[PDB]
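Colleague: Just dropping this structure here.
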Protein chains: 4
Amino acid sequence: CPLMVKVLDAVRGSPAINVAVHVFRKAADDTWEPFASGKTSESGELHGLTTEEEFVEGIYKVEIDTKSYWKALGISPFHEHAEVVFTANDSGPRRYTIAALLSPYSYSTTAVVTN
Amino acid sequence: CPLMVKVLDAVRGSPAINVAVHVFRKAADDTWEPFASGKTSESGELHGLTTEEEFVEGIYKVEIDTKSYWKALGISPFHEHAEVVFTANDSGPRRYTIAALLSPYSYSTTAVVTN
Amino acid sequence: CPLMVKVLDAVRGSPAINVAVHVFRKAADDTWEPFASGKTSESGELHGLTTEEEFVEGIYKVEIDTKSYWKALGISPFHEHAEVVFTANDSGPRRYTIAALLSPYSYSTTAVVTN
Amino acid sequence: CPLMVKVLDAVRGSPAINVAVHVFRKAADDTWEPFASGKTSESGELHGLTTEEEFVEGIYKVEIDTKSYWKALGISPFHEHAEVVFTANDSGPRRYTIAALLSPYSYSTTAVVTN
Ligand SMILES: Oc1cccc(-c2nnc(S)o2)c1
Ligand SMILES: Oc1cccc(-c2nnc(S)o2)c1
């Protein structure tokens with residue numbers, strides 16, 4: 001599992017469950033092509049997006065569908081989605097966890113890059 | 001001044017000065033088109049992006065060019081940029097401040113929305 | 001105005017108004033003694049806490065009364081308060097803004113420190 | 001394990017390793033008495049602070065020694081420590097994870113309360 005996404009809810013103090021997440025890779029013509037996707041588990045985690053073989057160096061966009069999450073809880077949100085855009089590069093045996101902490105009008109995102 | 005962006009540096013505890021910021025508005029054809037751009041001042045603020053006339057209802061994306069910012073300080077950061085996507089003026093005209101707090105592997109963003 | 005506190009509400013996307021804030025300074029005997037207090041304004045800011053004369057070198061604690069804030073909005077939050085502890089003016093006099101962004105189970109705090 | 005602490009470093013994008021953490025419980029005379037302590041692991045986690053039997057309802061303070069962490073990396077920090085103060089209350093079968101995301105001039109803390 002070289003790329004994992006973890007989302008927390010800062011209003012309810014809990015994992016953010018069932019948040020849709022879409023990942024794109026930037027293509028040579030500069031458009032974003034679908035790469036992988038899923039919904040966060042009861043733990044607020046999404047595992048199994050990709051494999052070491054298919055996660056080559058390149059520029060990726062991870063879109064976390066925050067707006068639908070807040071709307072399924074009855075809470076008016078600000079953002080359409082949270083977006084995390086980064087270049088993945090080999091520089092040894094790396095695992096990438098993209099963490100996001102959500103509030104209706106605010107989010108933070110951090111990358112934890114290990115091994 | 002219906003749209004303002006403010007950026008702070010979480011490493012230095014200071015405003016993030018001279019940060020490039022590009023705003024796009026989603027077009028009829030589902031495309032991001034250029035809306036406005038500028039650079040943060042010595043206070044870390046960017047004023048004068050638009051006017052209440054121009055700033056109609058729409059889906060906007062504010063792209064904050066964080067990787068260029070960190071690179072110019074000798075830091076190789078995780079993200080290419082911070083992107084903030086939101087529907088604006090859909091409940092009538094409002095005033096929007098988009099704040100971002102930056103660290104090399106992390107950022108947060110909040111919107112303060114007032115009448 | 002060498003010490004200012006600013007508080008935003010991450011649920012509403014607005015300044016956090018009427019938030020009580022108590023500042024203490026560590027005494028000779030290792031005790032926290034009262035230094036200054038106030039409430040945030042309609043802008044979410046608290047000005048006029050101290051003067052450059054009074055605001056000497058020292059270890060300060062800024063206690064932001066977040067639980068009272070959330071309770072008055074009908075939210076039962078996690079934290080009793082947000083506490084921000086720091087050494088001040090130890091490199092000579094500076095200007096300190098202590099910002100906090102609040103959610104019911106989460107907060108962030110940053111200091112912006114200028115000459 | 002009803003109380004767990006997890007700390008991330010937002011400048012290096014990694015767990016914050018070997019951060020000292022002290023937990024206090026508020027006593028009837030209103031002073032903080034030592035309750036539990038440890039240092040975060042290679043995963044940035046601290047497990048085994050307490051047991052269900054000894055973690056009764058009450059007010060607790062978790063102090064994360066951020067200043068020493070930044071000083072062992074060569075980075076001038078703002079805060080003396082990060083403090084998380086909260087009331088623990090039974091309301092079913094609860095586990096408390098206190099998460100903190102550190103930058104030199106800024107931190108966030110969230111509580112994830114599960115089961
Ligand atoms: O900790 C934060 C998070 C978001 C915005 C701010 C902030 N904005 N202006 C000031 S001053 O501080 C501080
Ligand atoms: O206080 C925060 C803010 C953003 C992310 C987190 C976090 N906690 N665990 C992970 S993984 O990420 C904690």
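Letters A, B, ... go to the chains of the structure tokens in the order shown; residues in each chain start at 1; ligands are counted from 1 in the same order.
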Would you write out chain B as a PDB file with C-alpha atoms, in the first residue's frame, after superposing it on chain C by least squares over all in-order Cα pairs?
Modeller:
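Wrote part-v8.pdb, looks like this:
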```pdb
ATOM      1  CA  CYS B   1      -0.643  46.928  21.302  1.00  0.00           C
ATOM      2  CA  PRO B   2       2.058  44.264  21.806  1.00  0.00           C
ATOM      3  CA  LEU B   3      -0.408  41.335  22.392  1.00  0.00           C
ATOM      4  CA  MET B   4      -3.556  40.622  20.391  1.00  0.00           C
ATOM      5  CA  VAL B   5      -5.751  37.503  20.277  1.00  0.00           C
ATOM      6  CA  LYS B   6      -7.936  36.594  17.346  1.00  0.00           C
ATOM      7  CA  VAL B   7     -10.433  33.678  17.312  1.00  0.00           C
ATOM      8  CA  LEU B   8     -12.365  32.229  14.362  1.00  0.00           C
ATOM      9  CA  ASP B   9     -15.145  29.623  14.317  1.00  0.00           C
ATOM     10  CA  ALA B  10     -14.433  26.801  11.785  1.00  0.00           C
ATOM     11  CA  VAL B  11     -18.096  25.588  11.824  1.00  0.00           C
ATOM     12  CA  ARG B  12     -19.736  28.877  10.931  1.00  0.00           C
ATOM     13  CA  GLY B  13     -16.809  30.436   8.995  1.00  0.00           C
ATOM     14  CA  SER B  14     -17.025  33.553  11.070  1.00  0.00           C
ATOM     15  CA  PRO B  15     -15.199  35.353  13.815  1.00  0.00           C
ATOM     16  CA  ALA B  16     -15.783  33.786  17.274  1.00  0.00           C
ATOM     17  CA  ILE B  17     -17.487  36.644  19.106  1.00  0.00           C
ATOM     18  CA  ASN B  18     -17.569  37.204  22.895  1.00  0.00           C
ATOM     19  CA  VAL B  19     -15.042  34.543  23.684  1.00  0.00           C
ATOM     20  CA  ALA B  20     -13.474  34.981  27.101  1.00  0.00           C
ATOM     21  CA  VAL B  21      -9.684  35.039  27.172  1.00  0.00           C
ATOM     22  CA  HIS B  22      -7.475  35.040  30.347  1.00  0.00           C
ATOM     23  CA  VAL B  23      -3.708  35.652  30.204  1.00  0.00           C
ATOM     24  CA  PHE B  24      -1.391  34.604  33.023  1.00  0.00           C
ATOM     25  CA  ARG B  25       2.332  35.232  33.590  1.00  0.00           C
ATOM     26  CA  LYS B  26       4.523  32.743  35.441  1.00  0.00           C
ATOM     27  CA  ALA B  27       5.702  34.278  38.755  1.00  0.00           C
ATOM     28  CA  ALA B  28       8.995  34.087  40.703  1.00  0.00           C
ATOM     29  CA  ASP B  29       7.559  31.250  42.837  1.00  0.00           C
ATOM     30  CA  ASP B  30       6.653  29.166  39.704  1.00  0.00           C
ATOM     31  CA  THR B  31       2.929  30.085  40.013  1.00  0.00           C
ATOM     32  CA  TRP B  32       0.562  31.350  37.254  1.00  0.00           C
ATOM     33  CA  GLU B  33      -0.548  34.729  38.109  1.00  0.00           C
ATOM     34  CA  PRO B  34      -3.273  36.817  36.509  1.00  0.00           C
ATOM     35  CA  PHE B  35      -1.984  39.278  33.886  1.00  0.00           C
ATOM     36  CA  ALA B  36      -4.822  40.401  31.763  1.00  0.00           C
ATOM     37  CA  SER B  37      -8.258  39.292  30.441  1.00  0.00           C
ATOM     38  CA  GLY B  38     -10.968  40.286  28.076  1.00  0.00           C
ATOM     39  CA  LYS B  39     -13.567  39.122  25.504  1.00  0.00           C
ATOM     40  CA  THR B  40     -13.326  39.000  21.755  1.00  0.00           C
ATOM     41  CA  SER B  41     -15.151  41.651  19.773  1.00  0.00           C
ATOM     42  CA  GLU B  42     -17.523  41.311  16.757  1.00  0.00           C
ATOM     43  CA  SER B  43     -14.421  40.864  14.626  1.00  0.00           C
ATOM     44  CA  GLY B  44     -13.221  38.012  16.846  1.00  0.00           C
ATOM     45  CA  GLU B  45     -10.328  40.190  18.091  1.00  0.00           C
ATOM     46  CA  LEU B  46      -9.222  41.184  21.533  1.00  0.00           C
ATOM     47  CA  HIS B  47      -7.142  44.334  21.675  1.00  0.00           C
ATOM     48  CA  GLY B  48      -5.831  46.384  24.504  1.00  0.00           C
ATOM     49  CA  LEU B  49      -4.832  43.527  26.753  1.00  0.00           C
ATOM     50  CA  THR B  50      -1.497  45.148  27.723  1.00  0.00           C
ATOM     51  CA  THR B  51       1.058  47.837  27.003  1.00  0.00           C
ATOM     52  CA  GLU B  52       4.652  47.577  26.013  1.00  0.00           C
ATOM     53  CA  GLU B  53       5.540  48.809  29.578  1.00  0.00           C
ATOM     54  CA  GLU B  54       3.699  46.033  31.379  1.00  0.00           C
ATOM     55  CA  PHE B  55       4.422  43.300  28.843  1.00  0.00           C
ATOM     56  CA  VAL B  56       7.883  42.343  30.067  1.00  0.00           C
ATOM     57  CA  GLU B  57       9.875  39.220  29.395  1.00  0.00           C
ATOM     58  CA  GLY B  58       8.237  36.192  30.893  1.00  0.00           C
ATOM     59  CA  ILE B  59       6.410  32.889  30.333  1.00  0.00           C
ATOM     60  CA  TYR B  60       2.785  33.638  29.451  1.00  0.00           C
ATOM     61  CA  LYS B  61      -0.279  31.472  29.167  1.00  0.00           C
ATOM     62  CA  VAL B  62      -3.260  32.591  27.080  1.00  0.00           C
ATOM     63  CA  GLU B  63      -6.380  30.626  28.031  1.00  0.00           C
ATOM     64  CA  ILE B  64      -9.167  30.816  25.490  1.00  0.00           C
ATOM     65  CA  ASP B  65     -12.484  29.780  26.979  1.00  0.00           C
ATOM     66  CA  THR B  66     -13.723  27.601  24.109  1.00  0.00           C
ATOM     67  CA  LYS B  67     -16.035  25.272  26.065  1.00  0.00           C
ATOM     68  CA  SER B  68     -18.205  28.263  27.211  1.00  0.00           C
ATOM     69  CA  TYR B  69     -18.225  29.473  23.618  1.00  0.00           C
ATOM     70  CA  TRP B  70     -19.500  26.175  22.169  1.00  0.00           C
ATOM     71  CA  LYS B  71     -21.994  25.547  25.011  1.00  0.00           C
ATOM     72  CA  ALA B  72     -23.701  28.912  24.294  1.00  0.00           C
ATOM     73  CA  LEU B  73     -24.151  27.703  20.705  1.00  0.00           C
ATOM     74  CA  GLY B  74     -25.701  24.295  21.943  1.00  0.00           C
ATOM     75  CA  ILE B  75     -22.582  22.263  21.166  1.00  0.00           C
ATOM     76  CA  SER B  76     -20.998  20.026  23.741  1.00  0.00           C
ATOM     77  CA  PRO B  77     -17.313  20.317  22.783  1.00  0.00           C
ATOM     78  CA  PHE B  78     -14.303  18.130  23.711  1.00  0.00           C
ATOM     79  CA  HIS B  79     -11.881  20.683  25.234  1.00  0.00           C
ATOM     80  CA  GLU B  80     -12.265  22.729  28.405  1.00  0.00           C
ATOM     81  CA  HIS B  81     -10.237  25.551  26.833  1.00  0.00           C
ATOM     82  CA  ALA B  82      -7.419  26.172  24.479  1.00  0.00           C
ATOM     83  CA  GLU B  83      -4.183  27.100  26.262  1.00  0.00           C
ATOM     84  CA  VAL B  84      -1.254  28.752  24.467  1.00  0.00           C
ATOM     85  CA  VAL B  85       1.993  28.847  26.491  1.00  0.00           C
ATOM     86  CA  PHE B  86       5.045  30.722  25.308  1.00  0.00           C
ATOM     87  CA  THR B  87       8.103  32.755  26.372  1.00  0.00           C
ATOM     88  CA  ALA B  88       7.721  36.401  25.312  1.00  0.00           C
ATOM     89  CA  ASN B  89      10.113  39.332  24.685  1.00  0.00           C
ATOM     90  CA  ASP B  90      13.108  37.195  25.347  1.00  0.00           C
ATOM     91  CA  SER B  91      14.854  38.548  22.232  1.00  0.00           C
ATOM     92  CA  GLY B  92      13.683  42.104  23.025  1.00  0.00           C
ATOM     93  CA  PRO B  93      10.086  43.552  22.529  1.00  0.00           C
ATOM     94  CA  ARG B  94       7.980  42.151  19.692  1.00  0.00           C
ATOM     95  CA  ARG B  95       4.391  42.212  18.675  1.00  0.00           C
ATOM     96  CA  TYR B  96       2.422  38.971  19.207  1.00  0.00           C
ATOM     97  CA  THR B  97      -0.870  37.874  17.645  1.00  0.00           C
ATOM     98  CA  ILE B  98      -2.197  34.640  19.016  1.00  0.00           C
ATOM     99  CA  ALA B  99      -4.735  33.189  16.597  1.00  0.00           C
ATOM    100  CA  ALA B 100      -6.974  30.215  17.282  1.00  0.00           C
ATOM    101  CA  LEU B 101      -9.386  28.431  14.960  1.00  0.00           C
ATOM    102  CA  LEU B 102     -12.078  26.464  16.774  1.00  0.00           C
ATOM    103  CA  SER B 103     -14.151  23.351  16.031  1.00  0.00           C
ATOM    104  CA  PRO B 104     -16.038  21.361  18.598  1.00  0.00           C
ATOM    105  CA  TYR B 105     -13.462  18.492  18.850  1.00  0.00           C
ATOM    106  CA  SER B 106     -10.445  20.348  17.556  1.00  0.00           C
ATOM    107  CA  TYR B 107      -8.555  23.588  17.466  1.00  0.00           C
ATOM    108  CA  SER B 108      -5.425  25.053  15.979  1.00  0.00           C
ATOM    109  CA  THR B 109      -3.411  27.972  17.214  1.00  0.00           C
ATOM    110  CA  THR B 110      -0.651  29.977  15.552  1.00  0.00           C
ATOM    111  CA  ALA B 111       1.411  32.922  16.614  1.00  0.00           C
ATOM    112  CA  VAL B 112       2.293  35.712  14.237  1.00  0.00           C
ATOM    113  CA  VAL B 113       5.300  37.563  15.704  1.00  0.00           C
ATOM    114  CA  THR B 114       6.419  40.854  14.140  1.00  0.00           C
ATOM    115  CA  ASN B 115       8.720  43.863  14.950  1.00  0.00           C
TER     116      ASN B 115
END
```
Colleague: Among range 2-94 of chain C, which ones does DSSP place in strand (DSSP E), written as a ChimeraX atom specification?
Modeller: /C:3-9,14-15,20-26,32-39,45-46,58-64,79-88
Colleague: Go through chain D and collect every residue that DSSP, computed from the backbone, puts in alpha helix (DSSP H); the answer should be as an mmCIF file with C-alpha atoms, in the first residue's frame.
Modeller:
```
data_model
loop_
_atom_site.group_PDB
_atom_site.id
_atom_site.type_symbol
_atom_site.label_atom_id
_atom_site.label_comp_id
_atom_site.auth_asym_id
_atom_site.auth_seq_id
_atom_site.Cartn_x
_atom_site.Cartn_y
_atom_site.Cartn_z
ATOM 1 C CA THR D 66 6.914 20.522 21.697
ATOM 2 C CA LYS D 67 9.634 22.976 22.610
ATOM 3 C CA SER D 68 12.261 20.239 23.324
ATOM 4 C CA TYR D 69 11.179 18.404 20.157
ATOM 5 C CA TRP D 70 11.929 21.458 17.932
ATOM 6 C CA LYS D 71 15.085 22.271 19.803
ATOM 7 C CA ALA D 72 16.472 18.696 19.143
#
```
